[PDB]
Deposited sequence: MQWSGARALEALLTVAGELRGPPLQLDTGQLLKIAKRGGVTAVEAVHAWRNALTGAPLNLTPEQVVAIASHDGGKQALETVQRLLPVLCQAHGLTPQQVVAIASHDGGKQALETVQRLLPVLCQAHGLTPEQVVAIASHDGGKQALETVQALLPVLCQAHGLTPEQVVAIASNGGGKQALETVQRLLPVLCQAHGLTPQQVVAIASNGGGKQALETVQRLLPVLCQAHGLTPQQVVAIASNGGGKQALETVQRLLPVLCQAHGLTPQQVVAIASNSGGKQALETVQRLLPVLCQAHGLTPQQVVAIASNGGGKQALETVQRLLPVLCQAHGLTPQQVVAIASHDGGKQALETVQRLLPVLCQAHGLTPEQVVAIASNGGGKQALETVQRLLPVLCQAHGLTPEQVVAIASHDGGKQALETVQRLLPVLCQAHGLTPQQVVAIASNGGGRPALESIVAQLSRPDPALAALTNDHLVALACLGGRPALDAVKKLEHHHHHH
């Protein structure tokens, strides 16, 4: 038992012993933990399983896995056992919040720092607990929290930022570095022919952090003069994680991609202005000719695919799957492009390849309906949810397949479907809506909160007729309903 067994041997032994309660974990979940937490975390999960799952902690297996699967995972598991009770009982944090803080590399450090600093940050006229939890819920959360403590005063007093803007900058991986760099570079960047303070805060708040701010300082003059970009365009490229990489790649590839009958600067900016913009741009360079020759695409289509986050993944997946999808599944290049042209296009394409037969045969949808569901951000999520909920929505709530498809065919389709499942009964039976009206409300981006907002208004109102509320919900969803409140 106690022994000098090798690393894999130790891992597999623990795996053997984790087949059952309270912590039943498959090799997959064990792989997830091990990639980051290592065999160390797996052994820690094994050692502490009963206390983690038992009272007063009451963590689900899902929460335990989430804490364990990070660098230092063993340390975070030990620390949550000690500090969760403390943070919840003495500071009124929820377990969800504590788990959120714990589930990042170095979670031990973040938890101990929230314990130490929450009392000083949340004094009168200070931060809310929610803001502290948000800052802490990233890798290096300890560093970000200590740096907010230090620099909140100078950033607000000397540089004129609001505490909310400071929290926004701090609430990213490498937040400490972003805060220190804003402090240093604000005066430099914000001069005539420079940036606005708003643009500096945006770059510092959007993921790209210190590196993006430093690269804009470095490259703004040459990008805006020799390369002819606007400061707005430069800020758009800078305002994602990896902004530095996209900026440098634009510098290098603008001369290459914008020659006669190539791309325009505006096309290049659109490709670069997403997370992974460097990868998207390099992949466009590599694959534009071959996608156009081999699969009959046009440059405009290639650019369209590339102009979303994960553009590299979508282009490579089009290269790989367009033939399979057209030949075996009967889709057209246009339909394949349509599915590919959203964030997560790779995920949607692979899910269409996998689920299209099942959806057309067993559930009776047409390929066109499947394409329609797939052709939105999170298309994979919406396709899988249609597969899951179509029969129950049609049988128990009496919807038609066409109505289910309409609910699903928008960004957040998964959320809207699940919310229709939840709320259709109360909306119809308690407030006299028809399923038609519920479907109409749900059949837009932001379908979920539109439904939630209308159920809430119909339950405890602050007028406007119910049909008028429904029309507003359809027109503008939750934001429409909230606009009416302020009237």
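- According to the record, C-alpha coordinates are lacking for deposited residues 1, 464-467, 493-499.
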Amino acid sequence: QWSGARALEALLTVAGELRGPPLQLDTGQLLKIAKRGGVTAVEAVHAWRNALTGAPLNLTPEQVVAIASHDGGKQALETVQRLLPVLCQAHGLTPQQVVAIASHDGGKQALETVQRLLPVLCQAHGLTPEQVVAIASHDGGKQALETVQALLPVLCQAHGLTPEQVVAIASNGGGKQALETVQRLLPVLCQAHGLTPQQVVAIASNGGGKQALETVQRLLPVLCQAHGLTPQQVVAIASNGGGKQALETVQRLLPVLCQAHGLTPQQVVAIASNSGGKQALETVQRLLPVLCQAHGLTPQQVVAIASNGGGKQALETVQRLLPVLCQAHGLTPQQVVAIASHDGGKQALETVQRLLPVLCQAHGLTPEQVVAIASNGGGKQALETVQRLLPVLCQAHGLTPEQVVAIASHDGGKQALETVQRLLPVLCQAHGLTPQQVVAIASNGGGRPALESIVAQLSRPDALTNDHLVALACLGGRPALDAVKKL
From here on, numbers count along this sequence of modelled residues.
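- Looking at 171-179 and 222-230 together, the entry lists the larger mean B-factor for 222-230, computed on C-alpha atoms.
- When the two stretches 143-151 and 327-335 are set side by side, the higher mean Cα temperature factor goes to 327-335.
- Per the deposited coordinates, the residue with the largest Cα temperature factor out of 360, 101, 190, 247 is 360.
- Highest CA B-factor among 341, 285, 403, 366, as stated in the entry: 366.
- For residue 448, the recorded CA B-factor ranks within the middle third of the chain. Only modelled residues enter the ranking.
- Among all modelled residues in this chain, the alpha-carbon of residue 439 has a temperature factor (C-alpha) in the lowest third.
- In this PDB entry, residue 346 carries a Cα temperature factor that places it within the lowest third of its chain's modelled residues.
- Ranked by Cα temperature factor within the chain, residue 39 sits in the middle third according to the deposited record.
- Among the modelled residues of the chain, residue 92 sits in the highest third by CA temperature factor in this PDB entry.
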